[PDB]
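Visitor: When you get a sec, could you give me coordinates for this:
(9 chains, ligands or ions: 7)
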Amino acid sequence: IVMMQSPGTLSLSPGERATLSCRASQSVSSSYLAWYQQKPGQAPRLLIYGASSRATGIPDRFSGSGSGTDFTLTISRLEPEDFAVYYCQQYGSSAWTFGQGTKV
Amino acid sequence: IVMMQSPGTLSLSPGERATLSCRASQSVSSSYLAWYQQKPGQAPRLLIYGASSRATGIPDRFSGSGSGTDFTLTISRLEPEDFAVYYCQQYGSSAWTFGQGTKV
Amino acid sequence: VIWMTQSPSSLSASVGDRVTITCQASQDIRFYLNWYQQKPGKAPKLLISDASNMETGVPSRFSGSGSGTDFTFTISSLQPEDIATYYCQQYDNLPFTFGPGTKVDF
Amino acid sequence: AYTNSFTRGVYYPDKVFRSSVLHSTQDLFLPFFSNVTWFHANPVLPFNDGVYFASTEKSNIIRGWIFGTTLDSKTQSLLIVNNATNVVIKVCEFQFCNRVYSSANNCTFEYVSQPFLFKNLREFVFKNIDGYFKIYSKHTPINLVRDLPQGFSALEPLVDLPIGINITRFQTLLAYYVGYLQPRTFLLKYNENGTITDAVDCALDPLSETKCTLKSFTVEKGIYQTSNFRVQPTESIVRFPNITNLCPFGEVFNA
Amino acid sequence: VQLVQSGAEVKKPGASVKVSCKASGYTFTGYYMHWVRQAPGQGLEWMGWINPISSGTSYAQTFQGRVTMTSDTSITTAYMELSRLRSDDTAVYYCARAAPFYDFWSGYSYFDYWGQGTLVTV
Amino acid sequence: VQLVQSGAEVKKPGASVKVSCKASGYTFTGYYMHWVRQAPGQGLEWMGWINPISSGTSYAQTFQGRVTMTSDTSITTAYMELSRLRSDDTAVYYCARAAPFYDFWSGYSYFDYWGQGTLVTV
Amino acid sequence: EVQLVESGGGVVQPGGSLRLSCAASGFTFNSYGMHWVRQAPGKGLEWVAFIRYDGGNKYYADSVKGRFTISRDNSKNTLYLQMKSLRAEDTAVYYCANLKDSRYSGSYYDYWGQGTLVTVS
Amino acid sequence: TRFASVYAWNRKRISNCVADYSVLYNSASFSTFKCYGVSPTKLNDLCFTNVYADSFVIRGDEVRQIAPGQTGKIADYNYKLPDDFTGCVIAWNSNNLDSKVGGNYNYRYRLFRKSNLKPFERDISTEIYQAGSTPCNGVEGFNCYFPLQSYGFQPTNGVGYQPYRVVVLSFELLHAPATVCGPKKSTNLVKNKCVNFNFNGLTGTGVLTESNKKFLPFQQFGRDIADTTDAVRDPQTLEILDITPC
Amino acid sequence: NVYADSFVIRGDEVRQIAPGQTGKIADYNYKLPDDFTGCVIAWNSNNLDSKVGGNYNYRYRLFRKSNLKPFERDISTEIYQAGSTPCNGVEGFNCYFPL
Ligand SMILES: *[C@@H]1O[C@H](CO[C@@H]2O[C@@H](C)[C@@H](O)[C@@H](O)[C@@H]2O)[C@@H](O[C@@H]2O[C@H](CO)[C@@H](O)[C@H](O)[C@H]2NC(C)=O)[C@H](O)[C@H]1NC(C)=O
Ligand SMILES: *[C@@H]1O[C@H](CO)[C@@H](O)[C@H](O)[C@H]1NC(C)=O
Ligand SMILES: *[C@@H]1O[C@H](CO)[C@@H](O)[C@H](O)[C@H]1NC(C)=O
Ligand SMILES: *[C@@H]1O[C@H](CO)[C@@H](O)[C@H](O)[C@H]1NC(C)=O
Ligand SMILES: *[C@@H]1O[C@H](CO)[C@@H](O)[C@H](O)[C@H]1NC(C)=O
Ligand SMILES: *[C@@H]1O[C@H](CO)[C@@H](O)[C@H](O)[C@H]1NC(C)=O
Ligand SMILES: *[C@@H]1O[C@H](CO)[C@@H](O)[C@H](O)[C@H]1NC(C)=O
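Guide: Numbers count the residues shown, from 1 in each chain, chains lettered A, B, ... in the order given. Ligands and ions are numbered 1, 2, ... in the order given. For reference, the structure is listed below:
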């Protein structure tokens, strides 16, 4: 499988809304799609699991959605802290696969 | 209803015993009589509820008693901290009423 | 038991005036409200059912609407023959209840 | 206008095959020799606990039925409509006109099958139990003009629809007869092919109770005990002591 | 248990003031929130209560039509708003906690916890 | 939950490196430990997992025969060892936690906790 | 023409009893549930009781429950109300009615009688 | 994602499908799995006419109330099972989903009611409860209570005060065509010999033969006077078979 | 004769050590008969059996093909097949370690 994110880089002002995309080469169950956030100099942290469920301690400013081959992560109002790299992650056939990542 | 406290002001040395009074214009159930302490620059705190029961964290130096129209708060041995304003409080007929207060 | 309230308890209006009567339920009764018109010495007549459905024979000047707890009865242009006491009644559940009644006069 | 439905409106109470046996069952049946209303046309009628419907009109005269509560756009309603080739049954937020409806929002159920409808008398029974709308029917030849046919004919299950809605009123879509079902006890006679050929309404009269007590459709000469009578209480009377002081429970609890 | 109130306010006549009280350390909807007023050099006056679970309220006759109380369970906070302000509305305002009326041991009759008050000058 | 990893390492080609991850704040044997690699300027690659209760493992096809994973429950610590090192094995290595395969709500499909990574230069 | 005719009113003493009846005609009585509604002098309408079409299930207002009994005879097209332990507060004009109700009775028409006065004194 | 409050419990009707109950029973994820009127190991062998799945949230200490013959605020005023209940009660800790810092006040239960609920009765009204002899007229105050209360779930609560998600499966077994069956595979039909049989949930022993009994399309089986099935319709071929003892 | 059986479980599971019980312990670990004659004795051993970071020596069976018969003992560690596909002794998807 291949996980494809877009756009490679996004730029917008703080306080505005951002949307990031992730496309799969094949159908992915919604339960097997997750999103991670990685700030500079830090390990990745889980934001969304199961396509639409937030991880513990994550602000409701974040949400996710999608099915089949196409998924999307939404950031409603960006803070100075949200300008990080985001990844989508898929599970299937006894393997875990990450997208190439996008920089906000 | 009217709640009347006496004496308006009391003065005595530390280490001595003090008694304060509260008279009602009509009978008050013992369960509906309470006492509060207010130090300078502070909100009131509960000392006695239900006429004779101490609030949590209140020293056994304090006690209360009474029935019908006449109730009394006793301070067995005064500390420098006990020279505060005291109030009696009554409940009835869907309203809460305070006495005018007395200063120790 | 669902408590029914009406407002105003009484209103004065002239011929040609718009008359609005409010009925409120203490519980959500969906759209299960009847409106009745009663004149002295007579049994009540049904004007509106299911909150907003007009009865056959009822003049087009009568109307009503609402859902849940807040309902309104309206006469777009009061006529001389519309002088009566109006009641709202819920039939969402038993026991059934009527409101206080609103008296309309000149 | 009323007619006497002599012993009409009997249907197979369940899906169990029985033969050469007299079976006593409790269910909603049209009471024998009841007064059935004879309508000419088209008013909205109460559904009550179930409806017995019969007509001698052609299939292009009686089109079907509407079942529901407010029978408007505020609630779900059941619409059964026949045409030349099929029958269409739907449950939606229908807004009915006066070709039947102008709109049908929030549709939750749809079913399509074959048409439901000397002349030929058509009999239907409509029940609504635990969310299931049950329809029974029979089609027989008739040589009568002003009344219902005599003789016994049981109605078979036609369809069982998991609609899940409440029905309190209904209207016929366009002469016909309407009766209502009651909780009765019937003794049903199954022949060697498992067909119901007769029945006894156990509350019809002293003779019928004797027949039901006996599990037999014939009674020999004699005297038979069939039941017991008992006078029921007119009212309840309470006689306690007239003391008024309350028990001091609070004193135990708030020590 | 903690009750934390908003800071002091200064207003002119005819205006309205809103005081907040944030609660923590207990089940918010399990208690009534009362407001009590204290003018300079004076004693204590009860204004009314709000029940967060029902959003039901009751007010003292003195403030009927003048005061509105609200609450927001998502932030466990209660608010008191007093309109048509006058110079004699200058006082320290307190939020205080008491049991609901269904309390078997009459915990509704007294106030067991107080926030430190908010000074309002008109 | 905390995951604490060993410090950075510098190695030459053909050698082997071992990275440790100490877990605390949860039942160690109730979760799988996964390892994820990140080369400079690149994204994330999954290497394999170990199940401490059974000492069972599974690896990605890329590292099959190159990597070994072990664990020691007495110190709630997992280890990843990569042999026959090459210059393109330079990366930050992370340990991450996920549910076991018998998790009813598919908690195995994602990594819920991460250790701060260990930098390995070859 | 649809008619509902109440009868059996009159004057009784407190603690006494009175039985009302309502003769129905012009409609299929035995297909509809029926209600009793009362209106005290100078007061609004108050619902009293409801009976189903077979006479099987009966419902009462809390203010009369245990004192009033509702019944019907479908062979006589007649509705009955038996009132026991009558109080001064029970003085009212009593109506029999078929109230339009899309939830319970299933009636699509609304019928009322002229009403009969019951006085307790 | 979202579960109902217990006073406003959700119900889903399940029909016309294959039900594998072992995937639930053999799970490691459920703290409670209790069956009544049926054993969990036999569920996959059975056929039912309907299955209902009820779901809601309660606190841990209350899970014991979700059983036949129980009393307490939940059994009495919120969710009541029948005494002849047939079904399974499944529960698990949801502290990780349903609790929040400061308290989650979305989950509520009924605290006061005039009378106990009947089995499977639902009550979602919010009228004021009259505790005293004096009418409330819809106003909350002395002897006049708001009937509902919140749990206020917080992650630091003791286990008895943490949220639990509950699913109740009730099995409807009427004399009607079964629409929900376990995943048992069918075998070929064997006639004129003594065999054990299982026809859409109906088990027994005997010899099967072609029947001359004229079943109507709705009829699925016949019975004798001993309440024993003496004929069945085969669920796949719709053939009518006689059953006689070996 | 008298038999004395002994083991460690967690506090919430003590109720399962009785006749007519269900659950992971009663079902897969230690099962009493319904006509059992005997006594069940238990005490808290937090002071002996717990340690900082966790004592992982005490284990229980989580999965099994069928329930144990009364007084049956099972100490095998074979992979549990949850799915329709054989595991061949390998742990993974639908293939669990039983303890
Ligand atoms: C302790 O209880 C007594 C008895 O009151 C009863 O039980 C209580 C728990 C509560 O349910 C009351 O409403 C019951 O009446 C209390 O004495 C009664 O108080 C009420 C007013 O609250 C008064 O109307 C009654 O006349 C009193 N009864 C008697 C015999 O005097 C008493 O006040 C309680 N004391 C405390 C501190 O709670
Ligand atoms: C049917 O109605 C007639 C009056 O037309 C009446 O005499 C007869 O008793 C009624 N029969 C039944 C069963 O109601
Ligand atoms: C009867 O109704 C069905 C379903 O809408 C339709 O397909 C069919 O053409 C109709 N028959 C006629 C003669 O209109
Ligand atoms: C009807 O559909 C709307 C969505 O457009 C939905 O919100 C509403 O709840 C539905 N009502 C019913 C009775 O299904
Ligand atoms: C039963 O059906 C058979 C045909 O299978 C027929 O010959 C017989 O006459 C029927 N019995 C009766 C009483 O009609
Ligand atoms: C349908 O409505 C009637 C109204 O009398 C009610 O008694 C009955 O219980 C309702 N049926 C269901 C399944 O709710
Ligand atoms: C499945 O069962 C139906 C009857 O319910 C039958 O008509 C059909 O032929 C069967 N299919 C197969 C492959 O046997």
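Visitor: just so I have it, where are all the strands in chain C?
Guide: C:4-7, C:10-12, C:19-25, C:33-38, C:45-49, C:53-54, C:62-67, C:70-75, C:85-90, C:97-98, C:102-105 (DSSP state E).
Visitor: for chain G, same thing?
Guide: In chain G, the strands defined using DSSP E lie at G:3-7, G:10-12, G:18-25, G:34-39, G:45-51, G:58-60, G:68-73, G:78-83, G:92-98, G:111-112, G:116-120.
Visitor: export those to a markdown table and tack on mean neighbour count?
Guide: All C-beta spots, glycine's among them, are computed from the backbone N, C-alpha and C. Formatted as a markdown table, the strands of chain G follow (neighbours: other C-beta atoms under 10 Å in any protein chain shown):
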| stretch | mean neighbour count |
| --- | --- |
| strand G:3-7 | 17 |
| strand G:10-12 | 13 |
| strand G:18-25 | 18 |
| strand G:34-39 | 24 |
| strand G:45-51 | 23 |
| strand G:58-60 | 17 |
| strand G:68-73 | 18 |
| strand G:78-83 | 22 |
| strand G:92-98 | 23 |
| strand G:111-112 | 21 |
| strand G:116-120 | 18 |
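Visitor: ok, back up a step: next, format the strands of chain C as CSV and append distance to residue F:14 and mean neighbour count.
Guide: Shown next, in CSV, are those (distance: least, C-beta to C-beta, whole Å; neighbours: other C-beta atoms under 10 Å in any protein chain shown):
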stretch, distance to residue F:14, mean neighbour count
strand C:4-7, 89, 18
strand C:10-12, 99, 12
strand C:19-25, 84, 20
strand C:33-38, 87, 24
strand C:45-49, 91, 21
strand C:53-54, 88, 16
strand C:62-67, 79, 17
strand C:70-75, 82, 19
strand C:85-90, 87, 24
strand C:97-98, 90, 21
strand C:102-105, 97, 17
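Visitor: Which one, of the ones you listed, ends up nearest to residue A:53?
Guide: Residue A:53 lies closest to strand C:62-67 among these, at 34.1 Å (C-beta to C-beta).
Visitor: could you check whether the closest one is close to chain G?
Guide: No - Strand C:62-67 lies out of reach of chain G by C-beta under 8 Å from any C-beta of the partner chain, never closer than 14.0 Å.
Visitor: Based on its surroundings, how many neighbours for residue D:150?
Guide: For residue D:150, the neighbour count with other C-beta atoms under 10 Å in any protein chain shown is 11.
Visitor: again, but for residue G:121
Guide: Count around residue G:121 with other C-beta under 10 Å applied: 8.
Visitor: looking at it, it is touching residue G:13, isn't it?
Guide: Yes - between residue G:121 and residue G:13 there is a contact at 7.2 Å, judged by C-beta atoms under 8 Å.
Visitor: which residues are in contact with stretch H:126-138?
Guide: The contact list for stretch H:126-138 (C-beta atoms under 8 Å, 6 or more residues apart in numbering or on different chains) reads C:1-3, C:26-27, E:54, E:102, H:112-114, H:139-140, H:142-148.
Visitor: let's see 6 Å
Guide: C:3, C:26, C:27, H:112, H:140, H:143, H:144, H:145, H:147 (C-beta atoms under 6 Å, 6 or more residues apart in numbering or on different chains).
Visitor: same deal with stretch H:187-202?
Guide: Applying C-beta under 6 Å, 6+ apart, the contact partners of stretch H:187-202 are H:46, H:47, H:178, H:204, H:205, H:207, H:208, H:209, H:232, H:235, H:246.
Visitor: Which strand or helix spans the fourth one?
Guide: Residue H:204 is part of strand H:202-210, with elements assigned from DSSP states H and E.
Visitor: got CSV for the strands of chain C, with distance to residue D:86 too?
Guide: Output for those, formatted as CSV (distance: least, C-beta to C-beta, whole Å):
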stretch, distance to residue D:86
strand C:4-7, 47
strand C:10-12, 56
strand C:19-25, 44
strand C:33-38, 39
strand C:45-49, 34
strand C:53-54, 32
strand C:62-67, 37
strand C:70-75, 42
strand C:85-90, 41
strand C:97-98, 46
strand C:102-105, 52
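Visitor: Which one of those strands lies nearest to residue A:10?
Guide: Ranking these by proximity to residue A:10 (C-beta to C-beta) places strand C:62-67 first, at 44.5 Å.
Visitor: Sounds good, over and out.
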